[PDB]
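Take a look at this one chain, the form deposited in one PDB entry, written out in structure tokens.
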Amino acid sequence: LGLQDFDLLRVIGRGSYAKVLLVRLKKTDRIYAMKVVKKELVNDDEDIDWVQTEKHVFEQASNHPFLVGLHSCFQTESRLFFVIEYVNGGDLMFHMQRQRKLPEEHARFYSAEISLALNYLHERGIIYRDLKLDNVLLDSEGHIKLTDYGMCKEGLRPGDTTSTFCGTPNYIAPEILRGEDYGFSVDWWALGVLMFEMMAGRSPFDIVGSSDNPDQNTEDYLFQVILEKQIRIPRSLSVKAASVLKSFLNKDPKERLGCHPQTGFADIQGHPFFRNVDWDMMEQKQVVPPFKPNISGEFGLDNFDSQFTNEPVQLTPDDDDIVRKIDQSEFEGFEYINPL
């Protein structure tokens, strides 16, 4: 499979590495999302691993209903292409910007579905390591999907740990900042931060940005705040909310919710905050979502930010002075077609 087999429809998204497009497979008239990564950008250890693991997790995982599946992979001389399922309900950042705070029942719904996705990855020996509002999409019906798997640790034996300093500063866990080896615990910390954002309407470390001192609007100042400052819960939120946020945002991973090596996920299910959640029905997509995203027109482009969708539908012409400098050897055996 190649670029020939796809009718490019619209630009829908942009990461640091990637440009995202809506595409149609000419063979079947199914529409997919196409992540286009320029090889120009992938140069170090940290960059090749990002693509290789993203591919590996799409294969070995991603069968789950709250994870994005992969149609296929291919390359031109300049770019890597991932063809993945089109999910058209926006992301939780986009949704949070429209409705500044969420009700607790909405936050319960979204965090339950994430928890199942995380637990599924955890039991396949995978740490997500980049949970954030941007990486949690809503589908057309209003259920979540986790998307960006490039940061994942994999091949983790049960009770192993790893050492890499990665993630997103807002969501980074104290273990990582302390320089400790870490396991799945970092994912549960991130969920805590994520749940805080949904219920409170702002990050717990939101002061980092507003200060008169330039040196206190710094990644290093954020990391100091994550480690040493106490996270105050807003008075609005119930006793159950306050408990789960404080339990997930415990600075010690040993004593954090979700992180007992035996009973971790069970402890989450048994928390008063998730009293009335039917976890089997949740996982079978049988709990009616609290919000149905608006889908309009031929493709449902409503919930993608207009800056992306206005941009013209091309792939940028190549510059042969840059393309000739690329090591093609590093992307051999990239091609993949999903065994239908």
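In this text, rigid core is short for the largest set of C-alphas that superpose within 1.5 Å between two forms. Numbers follow the displayed sequence, beginning with 1.
Below, we refer to the form deposited with a small molecule bound, which is not included among the displayed structures.
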Though the small molecule is not shown, can you say which of 172, 222, 87, 102 has a heavy atom within 4.5 Å of it in the entry with it bound? 87
Just one of 77, 267, 206, 134 has a heavy atom within 4.5 angstroms of the small molecule in the entry with it bound, so which one? 134
Hey, in the entry with it bound, is residue 247 touching the small molecule, heavy atoms inside 4.5 Å? no
Does residue 33 make contact with the small molecule in the entry with it bound, using a 4.5 Å heavy atom cut-off? yes
Would residue 91 sit within 4.5 Å of the small molecule in the entry with it bound, counting heavy atoms only? yes
Answer with yes or no whether residue 331 is in contact with the small molecule in the entry with it bound, where contact means some heavy atom within 4.5 Å. no
For the chain shown here without its partner, which stretch in 222-230, 191-199, 146-154, 114-122 has non-hydrogen atoms within 4.5 angstroms of the small molecule in the entry with it bound? 146-154
Rigid core fitted, is the C-alpha displacement of residue 48 between this form and the one not shown 2 Å or more? yes
Taking 2 Å as the cut-off, check whether the CA of residue 271 shifts that much or more between this form and the one not shown after a rigid core fit. no
Core superposition between this form and the one not shown, C-alpha change of residue 64 at least 2 Å: no
Based on a C-alpha change of 3 angstroms or more, tell me if residue 61 and residue 85 lie closer or farther in the entry with it bound than in the shown form. closer
Between residue 40 and residue 154, do the C-alpha atoms lie closer or farther in the entry with it bound than in the shown form, with a difference of 3 angstroms or more? closer
